[PDB]
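Analysis of the macromolecular model
Read off the chains here:
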Amino acid sequence: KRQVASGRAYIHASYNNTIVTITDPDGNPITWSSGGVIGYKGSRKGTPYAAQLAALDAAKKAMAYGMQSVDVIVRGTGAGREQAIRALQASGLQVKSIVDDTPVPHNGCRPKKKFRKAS
Amino acid sequence: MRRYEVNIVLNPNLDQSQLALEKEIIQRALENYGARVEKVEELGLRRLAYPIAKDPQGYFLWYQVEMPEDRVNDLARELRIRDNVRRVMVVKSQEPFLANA
Amino acid sequence: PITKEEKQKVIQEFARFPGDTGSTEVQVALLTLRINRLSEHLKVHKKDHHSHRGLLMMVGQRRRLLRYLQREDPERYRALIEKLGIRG
Amino acid sequence: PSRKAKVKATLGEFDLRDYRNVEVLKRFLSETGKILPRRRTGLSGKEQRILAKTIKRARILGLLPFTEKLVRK
RNA sequence: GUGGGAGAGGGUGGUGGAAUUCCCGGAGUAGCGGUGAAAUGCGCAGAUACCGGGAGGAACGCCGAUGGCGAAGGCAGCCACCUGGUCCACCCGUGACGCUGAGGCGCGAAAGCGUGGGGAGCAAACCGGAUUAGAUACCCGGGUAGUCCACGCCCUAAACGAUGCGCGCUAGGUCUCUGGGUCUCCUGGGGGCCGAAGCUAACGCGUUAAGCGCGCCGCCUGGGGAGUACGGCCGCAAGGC
Ligand SMILES: [Mg+2]
Ligand SMILES: [Mg+2]
Ligand SMILES: [Mg+2]
Ligand SMILES: [Mg+2]
Ligand SMILES: [Mg+2]
Ligand SMILES: [Mg+2]
Ligand SMILES: [Mg+2]
Ligand SMILES: [Mg+2]
Ligand SMILES: [Mg+2]
Ligand SMILES: [Mg+2]
Ligand SMILES: [Mg+2]
Ligand SMILES: [Mg+2]
Ligand SMILES: [Mg+2]
Ligand SMILES: [Mg+2]
């Protein structure tokens with residue numbers, strides 16, 4: 001309820017899950033889906049299919065707000081980042097663009113062991 | 001004393017009044033620290049690659065004084081105190097190194 | 001740093017004659033300059049060891065030239081010292 | 001990869017120490033605010049090394065980016 | 001000496017942006033997280049994902065490597081100041097002023113210790129979840145000392161090229177970093193690789209010697225007992241020699 005028309009879609013991929021957020025041009029979230037949301041719990045939560053479903057859910061739910069066009073923005077390398085970007089294109093929602101905004105420090109905090117071993 | 005190219009980037013939303021005031025202080029300073037201004041250039045407003053102090057632009061002042069090393073840091077130290085002054089890069093001079101020539 | 005000029009006034013004040021640069025005095029002179037500078041610096045930057053070794057060497061080379069001096073002309077030597085500030 | 005055109009050939013004589021020449025420096029930056037390699041900048045060890053120091057100053061002054069966002073994916 | 005060159009060489013001050021955590025606001029809702037699966041755990045006192053503002057600590061992406069600097073340990077955001085070594089050219093000055101070096105003195109990764117400060121992330125111990133025949137572990141969630149700064153101490157190491165320092169002599173090819181030149185390549189300093197002769201148990205080394213020689217230092221003399229005991233010296237201690 002607000003008629004946002006043109007928005008912004010955030011795809012936060014990761015090896016464990018893919019959560020999708022749809023916000024307004026200012027960036028304030030309108031709706032959001034995810035592995036959990038869609039029904040998958042635990043492991044399959046992050047498969048690419050879950051991604052698909054989650055992606056679609058975000059659209060549909062955001063469709064009511066009158067959403068029609070949107071700029072996709074990606075983050076994470078997780079398995080499932082792509083499907084999301086796909087579904088989000090075949091949801092009617094006109095995908096204005098796609099971007100990689102995965103953050104990366106210029107070497108900052110000692111990563112968790114599982115992420116070090118880099119030397 | 002040595003040749004130091006001075007750089008300054010101050011608030012882009014300054015009225016001529018407020019502006020001249022700051023430049024006045026840049027001299028007040030530069031002079032106060034044995035700085036003979038061999039030259040200057042004022043490119044003014046420039047679109048910054050990234051916002052500085054929330055502002056999407058900045059007014060640039062480029063000089064080139066000659067002053068006592070024992071100062072410079074103090075110079076810039078002082079030169080920074082100002083609020084409208086957002087950045088000061090006192091790099092030292094160096095004859096150009098052409099390339100692809 | 002030590003200015004080219006600064007440095008020259010040293011060679012003058014020590015050279016055995018016009019055009020003399022590498023005489024065993026001028027050198028002992030030049031070194032005393034670098035030493036008093038470094039010594040100074042390190043008085044303030046106590047943790048700057050890498051520099052200190054440079055000094056430990058400088059003081060070394062000097063002590064070595066002066067040695068040679070006191071063996072080939074105990075005068076120029078006994079003369080250089082009093083002229084500088086080495087000894088007590 | 002790398003086989004594009006050498007970011008140096010397609011350019012004239014220029015002061016590699018000019019840290020305000022955004023209009024030229026920018027060319028040495030990647031699709032992102034990342035400094036290009038020599039296989040792309042076509043420069044030499046010494047050149048590439050002086051560039052780096054330059055592009056880094058440009059970044060502090062605010063004329064050049066530290067990073068940009070990738071488009072299309 | 002004079003003129004030139006490169007560099008993450010050291011010390012002090014200042015400073016930049018990315019990311020993480022936390023706090024503040026906004027928008028938003030049921031999950032997030034994590035794994036081989038899970039669970040502990042976090043979330044309706046509204047977490048996760050998203051935007052804005054702030055605080056703070058520690059580290060510096062790309063450049064960047066077959067790279068560089070240092071005597072070693074080791075050293076990379078950027079700026080200034082302070083300061084060490086080193087290379088080439090000129091052949092200008094001194095005139096064997098040299099080499100090595102028992103003791104001595106200094107430096108010396110990490111951990112660790114003392115006092116004060118700081119503490120974002122990480123993380124011995126520890127508190128939990130899981131795996132297991134058990135699991136005082138590997139995997140997961142937490143977490144204190146510590147990791148950071150200052151001053152003082154400790155003095156170890158696969159502190160490695162497992163190769164002490166200096167000098168002279170003995171085919172070349174090729175790649176590279178930095179200087180000079182008549183700048184198709186020559187000549188010097190450094191880093192690699194393939195190789196003459198030669199050496200070597202072999203592997204390999206081979207103008208960056210492990211070759212041919214000279215000087216000086218250090219060190220070895222079967223394994224276990226043992227880097228232990230005693231003594232001595234050093235240390236606040238741990239403990240070192
Ligand atoms: Mg001569
Ligand atoms: Mg003579
Ligand atoms: Mg130590
Ligand atoms: Mg420590
Ligand atoms: Mg302590
Ligand atoms: Mg943790
Ligand atoms: Mg743990
Ligand atoms: Mg060589
Ligand atoms: Mg060579
Ligand atoms: Mg043979
Ligand atoms: Mg070989
Ligand atoms: Mg025995
Ligand atoms: Mg022991
Ligand atoms: Mg005792």
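Calculation notes
Residues numbered from 1 in each chain as written, not as in the entry; some residues may be left out. Chains lettered and ligands numbered in written order. Part of a larger assembly, values for the part shown. Heavy atoms only, no water. Helix = DSSP H or I, 4+ residues; strand = E, 2+ residues; numbered from the N terminus. Rg over C-alpha atoms; globule rule 2.2 N^0.38 Å. Buried < 20%, exposed > 50% of the residue type's maximum accessible area, 1.4 Å probe, protein only. Contact = heavy atoms within 4.5 Å. Areas by Shrake-Rupley, 256 points an atom, 1.4 Å probe, with all protein chains shown as cover. Pairing = 2+ DSSP bridges. Axes fitted to C-alpha atoms, helices over the stretch in contact; angles between N-to-C directions. Parallel < 35°, antiparallel > 145°, perpendicular 65-115°, else oblique. Left-handed = near helix turned anticlockwise from the far one by under 90°. Nonpolar A, V, L, I, M, F, W, Y, C, P; charged D, E, K, R; others polar. Near = heavy atom within 4 Å. Polar contact = N/O pair within 3.5 Å; in protein donor to acceptor, adjacent residues only side chain to side chain.

In its metadata, the entry names X-ray crystallography as the structure determination method and reports 3.10 Å as the resolution.

1. Overview of the overall build of chain D
Secondary structure assignment for chain D yields 3 helices and 1 strand. Written out in order from the N terminus, the α and β elements of chain D read α-α-α-β. Against the globule reference of 11 Å for 73 residues, chain D gives a C-alpha radius of gyration of 12 Å, in line with a compact fold. Taken along its principal axes, the extent of the C-alpha atoms in chain D is 35 × 30 × 20 Å. Counting all 73 residues of chain D, 44% fall into the buried class. Across chain D, every contact between residues at least 6 apart in sequence was considered, and the portion connecting residues at least 24 apart equals 59%. Surface summary for chain D: the accessible area is close to 4100 Å², and the carbon and sulfur share equals 53%.

2. A short note on the overall build of chain A
When its secondary structure is counted, chain A shows 3 helices and 6 strands. Along the chain direction, N to C, the helices and strands of chain A fall in the order β-β-β-α-α-β-α-β-β. Expected size for 119 residues packed as a compact globule is a radius of gyration near 14 Å; at 15 Å, chain A falls within 12% of this value. Its C-alpha atoms give chain A principal-axis dimensions of about 50 × 30 × 20 Å.

3. Side note on the sheet that holds strand β8 (residues 91-92) of chain B
What links the strands of a sheet is backbone hydrogen bonding, and the strands pair in either a parallel or an antiparallel sense. Residue and element names in this part refer to chain B. On the basis of which strands lie adjacent, the open sheet formed by 4 strands has the order β3-β6-β1-β8 and antiparallel pairing. Strands with a single pairing partner mark the edges of an open sheet, and in this sheet they are β3 (36-37) and β8. For strand β1 (residues 2-5) and strand β6 (residues 65-67), the ladder comprises 3 bridges, and the chain directions are antiparallel. Pairing of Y4 across the sheet is with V65, part of β6.

4. Quick notes on the packing of helix α2 (residues 26-44) of chain C against helix α3 (residues 49-72) of chain C
All names here are of chain C. Remark: α2 packs on α3, axes separated minimally by 10 Å, with the N-to-C direction vectors making an angle of 150°. Classed by the angle they form, the pair α2 and α3 counts as roughly antiparallel. Helix-helix and strand crossings are classified by hand; for α2 and α3 the assignment is left-handed. Between α2 and α3, the contacting residues are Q27, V28, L31, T32, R34, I35, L38, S39, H41 and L42 on the first element and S51, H52, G54, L55, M58, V59, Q61, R62, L65 and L66 on the second. Counted by class, the contact of α2 with α3 contains 10 nonpolar, 8 polar and 2 charged residues.

5. Observations regarding the protein's contact with RNA strand E
By nearness alone, 92 residues border RNA strand E, and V104(A), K92(B), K7(C), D48(C) and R49(D) come closest of all. In this structure, a base nitrogen belonging to RNA strand E sits 3.1 Å away from a side-chain N or O atom of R53(C). In terms of residue count, α3(C) provides more of the surface near RNA strand E than any other element does, 10 residues in total. Class assignment for the residues of the surface near RNA strand E results in 30 nonpolar, 30 polar and 32 charged.

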